[PDB]
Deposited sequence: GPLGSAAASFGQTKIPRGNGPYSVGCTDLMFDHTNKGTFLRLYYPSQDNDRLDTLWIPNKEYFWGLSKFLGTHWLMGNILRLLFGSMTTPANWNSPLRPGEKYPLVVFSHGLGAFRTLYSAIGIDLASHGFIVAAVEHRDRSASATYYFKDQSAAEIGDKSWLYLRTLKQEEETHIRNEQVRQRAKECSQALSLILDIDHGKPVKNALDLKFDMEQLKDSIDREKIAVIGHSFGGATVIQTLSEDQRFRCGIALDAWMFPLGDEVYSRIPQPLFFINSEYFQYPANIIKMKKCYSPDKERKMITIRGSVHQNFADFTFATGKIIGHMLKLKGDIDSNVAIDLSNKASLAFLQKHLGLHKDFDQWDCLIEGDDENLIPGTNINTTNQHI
């Protein structure tokens, strides 16, 4: 029940791991293709989700039975659509998520002509992820799993900041890998999938790179922008600003778009967003009325209305309407600041919060002094 992309391009999906260690890059790629992709491809992700939610062994298996064969609307290993160079989005997941849980966003961007690299972070913020201990292990698919670390309260400030720095490093590394493939670097996918990465040679518009992320990933957008001038702009979906150091807020040259849910936000968090503002920098913010934190992630589509509200997976707003607004506003912002030659400027009003379901900026107030 994950919505198909609303753009005119058909969408393909594949996975890339290189190198095979936990210091290598692991991403899911959504791309314009020339609808059978497994949404959550391994049992360990469900076990990891169960740990994240604070439940035991049995819950893991329950989630697996429920969602284990569910797909997402992208053609698995379909050939890349040839003939044109695509803008690139690197996408960062929230705490307790992993690379496949933002396919509603990834697939919609791909359907509008983007290549999207959804990274899987190895900072121990993912519910689960894996790597291979050596080439031999990779060759027989012998995975080594890393589960989410839970932190003591005294540890939080320090570790979350180290994690967001590791996350920014992984977004940059993912960018570097894709740009190297674009220029013909041979890569041996540690996964042995029927998609040839040589397809990506000369397929990237190297001047049109953006970073997008949700929650922890929203902080990662800001840290990545600050560290990596190759990214041209950023969109932070309901950013959780806590992991960032005080020094970073004034060190974001690139245009930045905050798209917030209504019920997630709170003054301490909003204050840090406003610290990113400067008269000489491009900043936009909107809030989606009635939305909750999880409106940006795929489990907002995975259940019925009533159980969804109980689990805080759904807000007062409809999940399709909310992701539509976010995606369309994102496309307009990307067109404006990547210099895209598309018709996304039809949604320019959404950047300004000009819609019944949008608030310009935020309803939360904070000191300006």
Point out each run of deposited residues with no C-alpha coordinates, keeping the order of the sequence.
1-13, 48-51, 387-388
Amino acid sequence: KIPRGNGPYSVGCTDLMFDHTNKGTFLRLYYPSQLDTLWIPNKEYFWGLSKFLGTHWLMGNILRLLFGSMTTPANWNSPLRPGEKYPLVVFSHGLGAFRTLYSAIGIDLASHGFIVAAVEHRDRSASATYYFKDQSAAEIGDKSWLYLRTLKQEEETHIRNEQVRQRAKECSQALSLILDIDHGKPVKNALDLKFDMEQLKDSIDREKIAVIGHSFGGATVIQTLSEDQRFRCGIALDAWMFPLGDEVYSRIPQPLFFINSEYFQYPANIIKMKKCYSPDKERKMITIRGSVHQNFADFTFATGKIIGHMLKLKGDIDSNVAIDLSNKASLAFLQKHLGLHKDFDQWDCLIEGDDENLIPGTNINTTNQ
From here on, numbers count along this sequence of modelled residues.
Pick between 264-272 and 185-193: the one whose mean CA B-factor in the entry is higher.
185-193
Of 278-286 and 97-105, the stretch whose C-alpha atoms average the higher B-factor in the entry:
278-286
Can you pull the Cα B-factors for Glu170, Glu154, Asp298, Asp228 from the entry and say which is highest?
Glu154
Among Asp134, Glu120, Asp123, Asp238, single out the one with the highest C-alpha B factor in the record, please.
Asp134
Which third, lowest, middle or highest, does the C-alpha temperature factor of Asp142 belong to within its own chain?
middle
Going by the entry, which third of its chain does the Cα temperature factor of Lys201 land in?
highest
Against its chain's modelled residues, does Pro82's Cα B factor rank lowest, middle or highest third?
highest
In terms of the chain's CA B-factor thirds, is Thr14 lowest, middle or highest?
lowest
Where the record places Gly24 (Cα B-factor, split into thirds across the chain)
lowest
